[PDB]
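Heads up, the chain below is alone and in the form deposited in one PDB entry; it's given as structure tokens.
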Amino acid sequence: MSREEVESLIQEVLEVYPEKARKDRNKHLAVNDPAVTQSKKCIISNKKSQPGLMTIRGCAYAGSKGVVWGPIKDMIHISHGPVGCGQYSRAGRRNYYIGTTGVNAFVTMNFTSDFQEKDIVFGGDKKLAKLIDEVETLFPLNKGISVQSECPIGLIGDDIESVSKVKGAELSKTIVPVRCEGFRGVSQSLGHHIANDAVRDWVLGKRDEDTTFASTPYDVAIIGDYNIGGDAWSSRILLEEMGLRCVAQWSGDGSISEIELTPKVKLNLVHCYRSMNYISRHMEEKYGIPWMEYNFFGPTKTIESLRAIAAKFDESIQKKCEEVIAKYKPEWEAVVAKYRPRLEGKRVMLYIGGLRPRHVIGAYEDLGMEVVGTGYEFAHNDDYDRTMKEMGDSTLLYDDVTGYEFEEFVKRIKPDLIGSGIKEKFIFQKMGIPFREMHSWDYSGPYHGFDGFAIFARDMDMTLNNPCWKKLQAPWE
């Protein structure tokens, strides 16, 4: 579809809006130029959603509690405030972990102060202290407490920092106050940044003066992988088969001790740049550890990223990388042989959060599958600069797409497949367009690594070519 056709599409979708909404949303829609290396000249991002347009973005609490802090298994994360946020976010994200739930791991539990009217009017600080005492009494094997603020906490003047500090000194336990109230920022991304600052300020530096950890020149940390359906495990297996030592995981299946051990690694492998590039930059500054972005989506991307990571170490690591690539080549080659003919040359539109909009194009193209449109819920301009190169020519780019905008784009482009969240799945399934949840892998996965790519191809084939899509129109209509 030609670039002029895409521009006409954008205008013929935008004309519905009132003038202010039209001019605002015009900056968030673009036709991709793979010859341009700047975003500010082509698209605008990280901006407030237009009111009443059914934005898909979440809040800072979702980006901090649900995303960064939540996966850390051996900590107890208190959703501080009314019952709703913790209840809706309880076990909504498949950040997988190993543990004994309620005993030594607490990822899928909903700890909350369950704010009532008296808590709103009088404050929840002493309630927070009593809650911490009850947490220690009833969950003595927890290795730290995080307090994720919901909107009333920031709006009523609650001093959770003082409570955290005092109860931590009294209990000799790490208590991390996270000011991730949902009104802060414009989306989950500021949640990423605030959670990163919380990790840096309350947890990261606790082993700075400790040298008891036996460090090796093959020490790496995984940064910004949340083990969605086991994604972090499928990446760590390849990292360690290359001879490297993965000291820490951030933060899927991650423990607090691993976070405290991260400053001792030799290389930070940042998967989700959007969520943990802040902590990676801080680690590079204060501790001197270099970090590099990496991509384990699909065979070509994981081979390139494995070779890049091995190039940062000595020759033994490079030889191990070549051995790993040789041993995994038949597996993904057989996956491609099985699934490429069924998906070859099929157009996809993607609307995911901050990293997976890009960073998964290669996985699609490794199956001979073109991406014609893509978009970000909460990305910044750096995300779009990295997006332009991966996107093909004359493709659609949407930032903070509205429900109507997504509807119209899919209506005209008519993609073979859509990848987005749960709030678009049933909408687009009702139109007869096969849908893949690219947040939760549709309760499947992992998708990272070679095993994850095999799963990715199988799921794409199962949903794209499902018989159910040849049935939506009744034969008598």
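For clarity, a rigid core is taken as the largest C-alpha set superposing within 1.5 Å between two forms. When you see a residue number, it is the position in the sequence shown, counting from 1.
Annotation: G421 belongs to the positions left without coordinates in at least a third of the other compared entries, with flanking residues modelled. Across the other compared structures of the same protein with both neighbouring residues present, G392 lacks coordinates in at least a third.
A second form of this protein, the form deposited in another entry, is not displayed here; the remarks below concern that form.
Relative to the superposed rigid core, the position of the CA of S440 differs between this form and the one not shown by 2 Å or more. In contrast to the form presented, in the other entry the C-alpha positions of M438 and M54 spread farther apart by 3 Å or more. CA of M438 to CA of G92: farther apart by 3 Å or more in the other entry than in the shown form.
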